[PDB]
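**Student:** Next comes model_30.cif, mmCIF, C-alpha atoms:
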```cif
data_query
loop_
_atom_site.label_atom_id
_atom_site.label_comp_id
_atom_site.auth_asym_id
_atom_site.auth_seq_id
_atom_site.Cartn_x
_atom_site.Cartn_y
_atom_site.Cartn_z
CA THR A 1 -11.22 -4.62 -31.26
CA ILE A 2 -10.91 -2.40 -34.27
CA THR A 3 -12.25 -3.84 -37.50
CA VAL A 4 -10.46 -1.59 -39.95
CA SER A 5 -7.06 0.10 -39.72
CA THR A 6 -7.38 3.25 -37.79
CA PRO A 7 -5.00 6.17 -37.18
CA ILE A 8 -3.30 5.99 -33.78
CA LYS A 9 -4.45 9.55 -32.92
CA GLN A 10 -7.99 8.39 -33.53
CA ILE A 11 -7.76 5.35 -31.26
CA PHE A 12 -5.79 7.29 -28.59
CA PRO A 13 -7.25 10.78 -28.38
CA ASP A 14 -4.77 12.02 -25.72
CA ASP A 15 -1.78 13.46 -27.53
CA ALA A 16 0.82 12.20 -25.07
CA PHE A 17 -0.71 8.68 -24.92
CA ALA A 18 -0.90 8.54 -28.72
CA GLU A 19 2.81 9.34 -28.88
CA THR A 20 3.42 6.63 -26.26
CA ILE A 21 1.67 4.11 -28.43
CA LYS A 22 3.37 5.32 -31.57
CA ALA A 23 6.79 4.95 -29.93
CA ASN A 24 5.75 1.52 -28.60
CA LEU A 25 4.85 0.34 -32.12
CA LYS A 26 7.81 2.12 -33.73
CA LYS A 27 5.57 4.04 -36.06
CA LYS A 28 6.60 7.30 -37.62
CA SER A 29 3.51 9.35 -36.93
CA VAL A 30 0.36 9.31 -34.77
CA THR A 31 -1.46 9.65 -38.10
CA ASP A 32 -0.29 6.16 -39.18
CA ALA A 33 -3.19 3.70 -39.38
CA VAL A 34 -2.64 0.61 -37.25
CA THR A 35 -4.27 -2.81 -37.26
CA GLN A 36 -5.71 -4.89 -34.41
CA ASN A 37 -2.84 -7.31 -35.05
CA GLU A 38 -0.43 -4.46 -34.10
CA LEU A 39 -2.43 -3.40 -31.12
CA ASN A 40 -2.38 -6.98 -30.00
CA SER A 41 1.42 -6.93 -30.06
CA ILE A 42 1.59 -4.47 -27.09
CA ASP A 43 2.30 -6.26 -23.77
CA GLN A 44 3.97 -3.51 -21.82
CA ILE A 45 3.54 0.19 -21.61
CA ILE A 46 6.06 2.21 -19.63
CA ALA A 47 4.84 5.75 -19.53
CA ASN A 48 5.32 7.27 -16.13
CA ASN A 49 5.81 11.06 -16.02
CA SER A 50 4.53 11.46 -19.57
CA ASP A 51 1.82 14.15 -19.20
CA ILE A 52 -0.85 11.64 -20.14
CA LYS A 53 -4.30 13.03 -19.45
CA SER A 54 -6.34 10.11 -20.70
CA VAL A 55 -5.80 6.41 -21.54
CA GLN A 56 -8.79 6.17 -23.80
CA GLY A 57 -7.98 3.65 -26.46
CA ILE A 58 -6.12 1.38 -24.05
CA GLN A 59 -9.25 -0.88 -24.15
CA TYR A 60 -8.09 -1.94 -27.59
CA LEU A 61 -4.81 -3.46 -26.25
CA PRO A 62 -6.01 -6.84 -24.88
CA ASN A 63 -2.53 -8.09 -24.14
CA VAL A 64 -1.16 -5.44 -21.90
CA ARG A 65 0.50 -7.12 -18.86
CA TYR A 66 2.53 -4.35 -17.40
CA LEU A 67 1.31 -0.76 -17.24
CA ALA A 68 3.27 2.08 -15.72
CA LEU A 69 1.36 5.28 -15.60
CA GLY A 70 2.71 7.05 -12.52
CA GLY A 71 3.06 10.80 -12.50
CA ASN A 72 0.57 11.59 -15.15
CA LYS A 73 -2.64 13.59 -15.07
CA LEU A 74 -5.21 10.84 -15.04
CA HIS A 75 -8.52 11.66 -13.43
CA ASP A 76 -10.34 8.57 -14.82
CA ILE A 77 -9.22 4.96 -15.32
CA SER A 78 -12.39 3.28 -16.57
CA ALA A 79 -10.70 2.31 -19.84
CA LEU A 80 -8.41 -0.04 -17.88
CA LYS A 81 -11.42 -2.21 -16.93
CA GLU A 82 -10.83 -4.27 -20.08
CA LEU A 83 -7.15 -5.20 -19.52
CA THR A 84 -7.80 -8.70 -18.25
CA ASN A 85 -4.15 -9.68 -18.66
CA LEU A 86 -2.76 -6.95 -16.43
CA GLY A 87 -0.31 -8.23 -13.80
CA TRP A 88 1.25 -4.97 -12.74
CA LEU A 89 -0.33 -1.51 -12.61
CA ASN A 90 1.18 1.70 -11.40
CA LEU A 91 -1.19 4.61 -11.15
CA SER A 92 0.65 6.49 -8.51
CA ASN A 93 0.74 10.31 -8.49
CA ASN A 94 -2.16 10.92 -10.73
CA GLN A 95 -5.35 12.77 -9.76
CA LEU A 96 -7.70 9.95 -9.06
CA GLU A 97 -10.36 11.01 -6.59
CA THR A 98 -12.73 8.09 -6.93
CA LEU A 99 -12.62 4.64 -8.41
CA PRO A 100 -15.67 3.34 -10.26
CA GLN A 101 -16.95 0.31 -8.29
CA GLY A 102 -16.31 -2.29 -11.00
CA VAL A 103 -13.12 -1.00 -12.49
CA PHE A 104 -10.91 -3.88 -11.16
CA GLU A 105 -13.65 -6.58 -11.69
CA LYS A 106 -11.83 -8.30 -14.48
CA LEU A 107 -8.22 -7.77 -13.43
CA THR A 108 -8.05 -11.13 -11.76
CA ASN A 109 -4.34 -11.56 -12.64
CA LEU A 110 -3.15 -8.33 -11.06
CA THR A 111 -0.27 -8.86 -8.58
CA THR A 112 0.84 -5.28 -7.94
CA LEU A 113 -1.45 -2.28 -7.62
CA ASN A 114 -0.05 1.08 -6.86
CA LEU A 115 -2.60 3.78 -6.23
CA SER A 116 -0.48 5.87 -4.00
CA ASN A 117 -0.31 9.68 -4.07
CA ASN A 118 -3.67 10.22 -5.69
CA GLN A 119 -6.54 11.94 -3.98
CA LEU A 120 -8.75 9.03 -3.22
CA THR A 121 -11.45 10.00 -0.78
CA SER A 122 -13.18 6.61 -0.67
CA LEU A 123 -13.00 2.98 -1.77
CA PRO A 124 -16.22 1.51 -3.07
CA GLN A 125 -17.49 -1.69 -1.50
CA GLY A 126 -16.06 -4.65 -3.41
CA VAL A 127 -13.59 -2.58 -5.36
CA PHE A 128 -10.85 -5.22 -4.79
CA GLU A 129 -13.20 -8.28 -4.63
CA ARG A 130 -11.73 -10.05 -7.65
CA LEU A 131 -8.04 -9.39 -7.06
CA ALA A 132 -7.14 -12.84 -5.81
CA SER A 133 -3.61 -12.68 -7.12
CA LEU A 134 -2.76 -9.34 -5.56
CA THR A 135 0.43 -9.35 -3.54
CA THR A 136 1.15 -5.61 -3.20
CA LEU A 137 -1.41 -2.91 -2.63
CA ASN A 138 -0.23 0.62 -2.14
CA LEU A 139 -2.92 3.12 -1.08
CA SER A 140 -0.62 5.55 0.63
CA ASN A 141 -0.78 9.31 0.41
CA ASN A 142 -4.46 9.50 -0.43
CA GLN A 143 -7.37 11.09 1.44
CA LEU A 144 -8.97 8.05 2.87
CA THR A 145 -10.85 8.51 6.07
CA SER A 146 -12.58 5.15 6.50
CA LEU A 147 -12.56 1.73 4.88
CA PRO A 148 -15.54 -0.37 3.98
CA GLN A 149 -15.87 -3.56 5.89
CA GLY A 150 -14.76 -6.32 3.64
CA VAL A 151 -12.59 -4.11 1.46
CA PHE A 152 -9.56 -6.40 1.74
CA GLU A 153 -11.52 -9.59 2.42
CA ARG A 154 -10.50 -11.50 -0.73
CA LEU A 155 -6.86 -10.37 -0.85
CA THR A 156 -5.50 -13.51 0.68
CA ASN A 157 -2.24 -13.39 -1.34
CA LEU A 158 -1.43 -9.87 -0.15
CA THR A 159 2.06 -9.54 1.33
CA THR A 160 2.36 -5.80 1.39
CA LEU A 161 -0.34 -3.25 2.28
CA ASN A 162 0.55 0.37 2.54
CA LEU A 163 -2.17 2.70 3.94
CA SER A 164 0.17 5.26 5.27
CA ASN A 165 -0.43 8.95 4.99
CA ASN A 166 -4.18 8.96 4.69
CA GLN A 167 -6.55 10.39 7.21
CA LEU A 168 -7.85 7.16 8.63
CA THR A 169 -9.58 7.71 11.92
CA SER A 170 -10.55 4.13 12.53
CA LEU A 171 -10.16 0.58 11.31
CA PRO A 172 -13.19 -1.75 11.17
CA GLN A 173 -13.06 -4.89 13.28
CA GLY A 174 -12.14 -7.60 10.81
CA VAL A 175 -10.62 -5.41 8.17
CA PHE A 176 -7.38 -7.45 8.00
CA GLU A 177 -8.91 -10.74 9.10
CA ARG A 178 -8.18 -12.69 5.93
CA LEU A 179 -4.68 -11.31 5.21
CA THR A 180 -2.84 -14.34 6.49
CA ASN A 181 0.07 -13.86 4.11
CA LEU A 182 0.63 -10.26 4.97
CA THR A 183 4.23 -9.49 5.96
CA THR A 184 4.28 -5.69 5.89
CA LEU A 185 1.58 -3.34 7.05
CA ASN A 186 2.02 0.42 7.02
CA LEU A 187 -0.50 2.51 8.81
CA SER A 188 1.73 5.41 9.71
CA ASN A 189 0.71 9.01 9.44
CA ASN A 190 -3.03 8.56 9.80
CA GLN A 191 -5.35 9.73 12.56
CA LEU A 192 -5.76 6.47 14.36
CA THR A 193 -6.44 6.55 18.07
CA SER A 194 -8.46 3.53 19.26
CA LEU A 195 -7.85 0.12 17.57
CA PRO A 196 -10.17 -2.88 17.80
CA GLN A 197 -8.35 -5.27 20.09
CA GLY A 198 -8.48 -8.12 17.53
CA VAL A 199 -7.56 -6.11 14.43
CA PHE A 200 -4.10 -7.61 13.87
CA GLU A 201 -4.56 -10.99 15.50
CA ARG A 202 -4.92 -13.09 12.31
CA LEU A 203 -1.82 -11.51 10.68
CA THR A 204 0.19 -14.56 11.48
CA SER A 205 2.82 -13.75 8.86
CA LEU A 206 3.24 -10.06 9.85
CA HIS A 207 7.01 -9.16 10.04
CA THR A 208 6.76 -5.35 9.85
CA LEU A 209 4.18 -3.04 11.32
CA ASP A 210 4.38 0.78 11.17
CA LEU A 211 1.93 2.71 13.30
CA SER A 212 3.98 5.83 13.74
CA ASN A 213 2.52 9.31 13.71
CA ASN A 214 -0.98 8.52 14.84
CA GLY A 215 -2.66 9.29 18.17
CA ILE A 216 -2.56 5.76 19.53
CA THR A 217 -2.65 5.45 23.31
CA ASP A 218 -3.64 1.79 23.92
CA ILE A 219 -1.53 -0.86 22.21
CA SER A 220 -3.30 -3.99 23.47
CA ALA A 221 -3.94 -4.96 19.81
CA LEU A 222 -0.24 -5.82 19.53
CA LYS A 223 -0.22 -8.26 22.43
CA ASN A 224 -0.19 -11.46 20.44
CA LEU A 225 1.86 -10.43 17.40
CA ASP A 226 4.78 -12.62 18.42
CA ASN A 227 6.04 -13.02 14.87
CA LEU A 228 6.68 -9.36 14.52
CA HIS A 229 10.28 -8.32 13.78
CA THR A 230 9.99 -4.57 13.20
CA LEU A 231 7.55 -2.30 14.94
CA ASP A 232 7.37 1.49 14.61
CA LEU A 233 5.16 3.21 17.22
CA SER A 234 6.93 6.60 17.30
CA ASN A 235 5.01 9.86 17.62
CA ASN A 236 1.85 8.59 19.26
CA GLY A 237 0.45 8.93 22.83
CA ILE A 238 1.68 5.71 24.30
CA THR A 239 2.33 5.43 28.05
CA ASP A 240 1.83 1.78 29.05
CA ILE A 241 3.91 -0.66 26.93
CA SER A 242 3.02 -3.87 28.79
CA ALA A 243 1.42 -5.28 25.61
CA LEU A 244 4.90 -5.54 24.11
CA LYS A 245 6.25 -7.88 26.68
CA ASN A 246 5.90 -11.18 24.74
CA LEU A 247 6.99 -9.92 21.35
CA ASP A 248 10.34 -11.67 21.62
CA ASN A 249 11.03 -11.89 17.85
CA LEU A 250 11.21 -8.12 17.76
CA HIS A 251 14.55 -6.95 16.36
CA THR A 252 13.71 -3.31 15.77
CA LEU A 253 11.41 -1.14 17.91
CA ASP A 254 10.82 2.62 17.68
CA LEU A 255 8.99 3.99 20.66
CA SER A 256 10.31 7.52 20.36
CA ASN A 257 8.17 10.59 21.01
CA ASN A 258 5.59 9.05 23.26
CA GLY A 259 4.84 9.36 26.94
CA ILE A 260 6.56 6.26 28.18
CA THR A 261 8.06 6.13 31.62
CA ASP A 262 8.32 2.40 32.61
CA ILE A 263 10.23 0.15 30.24
CA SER A 264 10.02 -3.03 32.37
CA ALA A 265 8.08 -4.70 29.59
CA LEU A 266 11.18 -4.60 27.30
CA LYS A 267 13.13 -6.91 29.59
CA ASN A 268 12.47 -10.11 27.64
CA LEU A 269 12.77 -8.68 24.15
CA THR A 270 16.15 -10.31 23.92
CA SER A 271 16.22 -10.16 20.11
CA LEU A 272 16.19 -6.36 20.06
CA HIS A 273 19.08 -5.00 18.01
CA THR A 274 17.62 -1.49 17.43
CA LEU A 275 15.68 0.45 20.05
CA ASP A 276 14.68 4.14 19.99
CA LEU A 277 13.27 5.41 23.21
CA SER A 278 14.04 9.10 22.74
CA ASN A 279 11.64 11.88 23.74
CA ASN A 280 9.82 10.03 26.49
CA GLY A 281 9.87 10.33 30.31
CA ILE A 282 12.06 7.33 31.01
CA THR A 283 14.42 7.56 33.99
CA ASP A 284 14.97 3.89 34.96
CA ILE A 285 16.78 1.82 32.37
CA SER A 286 17.60 -1.27 34.36
CA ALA A 287 15.36 -3.39 32.02
CA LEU A 288 18.01 -2.74 29.37
CA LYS A 289 20.45 -4.87 31.41
CA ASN A 290 18.79 -7.90 29.92
CA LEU A 291 19.11 -6.98 26.23
CA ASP A 292 22.12 -8.85 24.94
CA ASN A 293 22.08 -7.66 21.30
CA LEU A 294 21.40 -3.87 21.25
CA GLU A 295 23.52 -2.20 18.52
CA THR A 296 21.57 1.05 18.35
CA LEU A 297 20.01 2.71 21.30
CA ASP A 298 18.59 6.22 21.63
CA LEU A 299 17.67 7.54 25.09
CA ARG A 300 17.95 11.26 24.35
CA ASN A 301 15.39 13.70 25.83
CA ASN A 302 14.17 11.59 28.67
CA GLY A 303 14.60 12.43 32.42
CA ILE A 304 18.22 11.09 31.97
#
```
Is it possible to express this structure as structure tokens?
**Tutor:**
Amino acid sequence: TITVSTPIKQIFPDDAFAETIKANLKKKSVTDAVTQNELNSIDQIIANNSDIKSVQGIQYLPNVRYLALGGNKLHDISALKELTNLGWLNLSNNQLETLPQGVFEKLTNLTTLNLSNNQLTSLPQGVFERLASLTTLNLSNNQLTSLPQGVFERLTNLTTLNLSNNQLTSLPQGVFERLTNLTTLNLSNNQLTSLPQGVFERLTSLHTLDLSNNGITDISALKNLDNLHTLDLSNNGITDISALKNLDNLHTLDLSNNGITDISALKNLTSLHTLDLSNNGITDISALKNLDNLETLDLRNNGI
């Protein structure tokens, strides 16, 4: 809180963010003195692509619920720690490299967190511990190489998790163990090779899984994902696909650009509507004789 009226440019030292606030309050000038009453009036700030370098001052806006700050120049977000009413936060395409450990401690009402396209090199232990309401977490297009154990352990409401386009080289056993409401998981474009066999097994709501563009060879971790509808495994090192054989809710499967030769395992995937097998070594397609519902099929660049 501010105790006396204070010029906007004094509360909000970043010129672009001061102008954001001025426009939000319909003031004429960043030199106008505002009251705490007025700061309390702000419940939404929509300020993507606004050349904001700092959100200092935002601590004095207790009622902010919706904050769009994508495409700015933020290097630091500590001032957001205080926005206990935040439900929706977009920080995508800024220059965040680290997150202070406690920054999301009080954001217990947050449902959507977009941290994509920053330069995050690590996630502190417990950084998401208090985000019980979170339903969407986007961490894509960062520089993450590993995940702490427990990092997603409290995110039981999560429906969407996007970790694509990082440099993840492994996933800890148990890392998704409590995400029983998760419907979409994107792990494409990492550096994953081995997967703990049990890593997806508690994802009983998983509909969509994208593992494309890794170095995965063994797909045993998929064996029991029988609720899956869409699976992307293109551009990996897969040869044996026997683990797919009981995934009979699968509607869409992309197995392109692997090293597959025997597609016997696809024979009972009778719900498949969309199947991409291109750029493999497949020469026997008689398993396809069982697939009643294929609309789209790609067999190009195989031995046939």
**Student:** List, as a ChimeraX atom specification, every residue that the PyMOL selection byres ((chain A and resi 191-200) around 6) selects in the file provided.
**Tutor:** /A:167-170,173,190,201-203,214-216,221
**Student:** List the neighbours of residue 131 in chain A out to 12 Å using only C-alpha atoms; skip same-chain residues closer than 6 positions along the sequence, and give me the result as a list in words.
**Tutor:**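 In the requested format, the answer is residues 84, 86, 87, 88, 102, 103, 104, 105, 106, 107, 108, 109, 110, 111, 112, 113, 137, 151, 152, 153, 154, 155, 156, 157 and 158 of chain A.
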**Student:** Hey, can you check how far CA of residue 76 in chain A sits from CA of residue 49 in chain A?
**Tutor:**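 Answer for the CA of residue 76 in chain A to CA of residue 49 in chain A separation: 16.4 Å.
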**Student:** I'd like the residues picked by the PyMOL selection byres ((chain A and resi 97) around 8) written out as a list in words, using the chain letters and numbers from the file.
**Tutor:** residues 75, 95, 96, 98, 99, 118, 119, 120, 121 and 122 of chain A
**Student:** Distance CA of residue 11 in chain A-CA of residue 57 in chain A, one decimal place?
**Tutor:**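 So the two atoms, CA of residue 11 in chain A and CA of residue 57 in chain A, lie 5.1 Å apart.
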**Student:** Might you pull out every residue within 7 Å of residue 226 in chain A, with all atoms listed in the file counted and same-chain residues fewer than 2 positions away left off, and present them as a ChimeraX atom specification?
**Tutor:** /A:224,228,246-249
**Student:** So which residues touch range 285-297 of chain A within 6 Å, counting only C-alpha atoms, skipping near sequence neighbours fewer than 6 positions away, as a VMD selection string?
**Tutor:** chain A and resid 264 267 270 272 to 276
**Student:** Could you list, as a list in words, every residue matched by the PyMOL selection byres ((chain A and resi 40) around 12) in this structure?
**Tutor:** residues 1, 2, 21, 24, 25, 34, 35, 36, 37, 38, 39, 41, 42, 43, 44, 58, 59, 60, 61, 62, 63, 64, 65, 83 and 85 of chain A
**Student:** Could you tell me how far CA of residue 50 in chain A sits from CA of residue 94 in chain A, in Å to one decimal place?
**Tutor:**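 A separation of 11.1 Å between them.
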**Student:** Of the candidates A:7, A:259, A:124, A:150, which one gets nearest to residue 172 in chain A if we count only C-alpha atoms?
**Tutor:**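 The closest residue to residue 172 in chain A is A:150.
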**Student:** List the spatial neighbours of residue 234 in chain A as an MDAnalysis selection string - criterion: any atom at most 7 Å away, all atoms listed in the file, same-chain residues fewer than 3 positions off excluded.
**Tutor:** chainID A and resid 212:213 254:258
**Student:** Export C-alpha atoms of the chosen residues as a PDB file, keeping the file's coordinate frame?
**Tutor:**
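The result, written out as again_10.pdb:
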```pdb
ATOM      1  CA  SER A 212       3.980   5.830  13.740  1.00  0.00           C
ATOM      2  CA  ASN A 213       2.520   9.310  13.710  1.00  0.00           C
ATOM      3  CA  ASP A 254      10.820   2.620  17.680  1.00  0.00           C
ATOM      4  CA  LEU A 255       8.990   3.990  20.660  1.00  0.00           C
ATOM      5  CA  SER A 256      10.310   7.520  20.360  1.00  0.00           C
ATOM      6  CA  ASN A 257       8.170  10.590  21.010  1.00  0.00           C
ATOM      7  CA  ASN A 258       5.590   9.050  23.260  1.00  0.00           C
TER       8      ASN A 258
END
```
**Student:** With distances taken over only C-alpha atoms, which residue among A:13, A:186, A:55, A:23 lies nearest residue 82 in chain A?
**Tutor:**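 Looking only at the distances to residue 82 in chain A, the closest residue turns out to be A:55.
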**Student:** Could you pull the residues within 9 Å of residue 32 in chain A, counting all atoms listed in the file, minus those fewer than 6 positions along the same chain, as a list in words?
**Tutor:** residues 6, 7, 8, 9 and 22 of chain A
**Student:** Identify which of the residues A:148, A:227, A:27, A:252 lies closest to residue 271 in chain A, counting only C-alpha atoms when measuring atom-to-atom distances.
**Tutor:** A:252
**Student:** Assuming the input is short of atoms at range 96-116 of chain A, produce N, CA, C and O atoms for that part as a compact mmCIF listing (two decimals), in the coordinates of the input.
**Tutor:**
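The result, stored in part-v5.txt:
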```
# COMPACT_ATOMS: atom_id res chain seq x y z
N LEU A 96 -6.54 10.75 -9.26
CA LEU A 96 -7.70 9.95 -9.06
C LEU A 96 -8.33 10.36 -7.72
O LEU A 96 -7.66 10.40 -6.68
N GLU A 97 -9.60 10.63 -7.77
CA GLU A 97 -10.36 11.01 -6.59
C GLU A 97 -11.35 9.95 -6.21
O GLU A 97 -11.61 9.73 -5.02
N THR A 98 -11.86 9.23 -7.20
CA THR A 98 -12.73 8.09 -6.93
C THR A 98 -12.36 6.99 -7.91
O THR A 98 -11.66 7.22 -8.90
N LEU A 99 -12.80 5.78 -7.57
CA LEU A 99 -12.62 4.64 -8.41
C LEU A 99 -14.02 4.14 -8.71
O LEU A 99 -14.82 3.93 -7.75
N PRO A 100 -14.36 3.95 -10.00
CA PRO A 100 -15.67 3.34 -10.26
C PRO A 100 -15.71 1.93 -9.66
O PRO A 100 -14.70 1.23 -9.66
N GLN A 101 -16.85 1.54 -9.12
CA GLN A 101 -16.95 0.31 -8.29
C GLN A 101 -16.41 -0.99 -8.97
O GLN A 101 -15.80 -1.85 -8.30
N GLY A 102 -16.66 -1.10 -10.25
CA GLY A 102 -16.31 -2.29 -11.00
C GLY A 102 -15.03 -2.26 -11.77
O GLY A 102 -14.74 -3.17 -12.51
N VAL A 103 -14.24 -1.21 -11.61
CA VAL A 103 -13.12 -1.00 -12.49
C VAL A 103 -12.09 -2.12 -12.47
O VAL A 103 -11.50 -2.38 -13.52
N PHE A 104 -11.88 -2.78 -11.31
CA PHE A 104 -10.91 -3.88 -11.16
C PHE A 104 -11.57 -5.26 -11.23
O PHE A 104 -10.88 -6.26 -11.06
N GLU A 105 -12.86 -5.31 -11.61
CA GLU A 105 -13.65 -6.58 -11.69
C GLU A 105 -12.97 -7.67 -12.50
O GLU A 105 -13.09 -8.84 -12.21
N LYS A 106 -12.33 -7.28 -13.57
CA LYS A 106 -11.83 -8.30 -14.48
C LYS A 106 -10.32 -8.49 -14.39
O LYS A 106 -9.77 -9.29 -15.14
N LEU A 107 -9.68 -7.79 -13.49
CA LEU A 107 -8.22 -7.77 -13.43
C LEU A 107 -7.79 -8.85 -12.45
O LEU A 107 -7.02 -8.61 -11.53
N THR A 108 -8.26 -10.07 -12.70
CA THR A 108 -8.05 -11.13 -11.76
C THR A 108 -6.58 -11.61 -11.70
O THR A 108 -6.23 -12.45 -10.89
N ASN A 109 -5.74 -11.13 -12.59
CA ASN A 109 -4.34 -11.56 -12.64
C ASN A 109 -3.39 -10.52 -12.04
O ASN A 109 -2.19 -10.79 -11.94
N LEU A 110 -3.92 -9.36 -11.64
CA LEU A 110 -3.15 -8.33 -11.06
C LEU A 110 -2.40 -8.77 -9.78
O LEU A 110 -3.02 -9.25 -8.83
N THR A 111 -1.09 -8.60 -9.77
CA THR A 111 -0.27 -8.86 -8.58
C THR A 111 0.19 -7.59 -7.88
O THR A 111 0.33 -7.59 -6.68
N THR A 112 0.37 -6.46 -8.59
CA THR A 112 0.84 -5.28 -7.94
C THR A 112 -0.08 -4.14 -8.38
O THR A 112 -0.31 -3.97 -9.57
N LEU A 113 -0.61 -3.43 -7.41
CA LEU A 113 -1.45 -2.28 -7.62
C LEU A 113 -0.95 -1.14 -6.81
O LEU A 113 -1.05 -1.12 -5.53
N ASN A 114 -0.53 -0.10 -7.53
CA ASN A 114 -0.05 1.08 -6.86
C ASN A 114 -0.97 2.24 -7.18
O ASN A 114 -1.00 2.77 -8.31
N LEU A 115 -1.72 2.62 -6.17
CA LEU A 115 -2.60 3.78 -6.23
C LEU A 115 -2.18 4.93 -5.34
O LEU A 115 -3.00 5.79 -4.96
N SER A 116 -0.92 4.93 -4.94
CA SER A 116 -0.48 5.87 -4.00
C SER A 116 -0.44 7.28 -4.59
O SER A 116 -0.36 7.49 -5.81
```
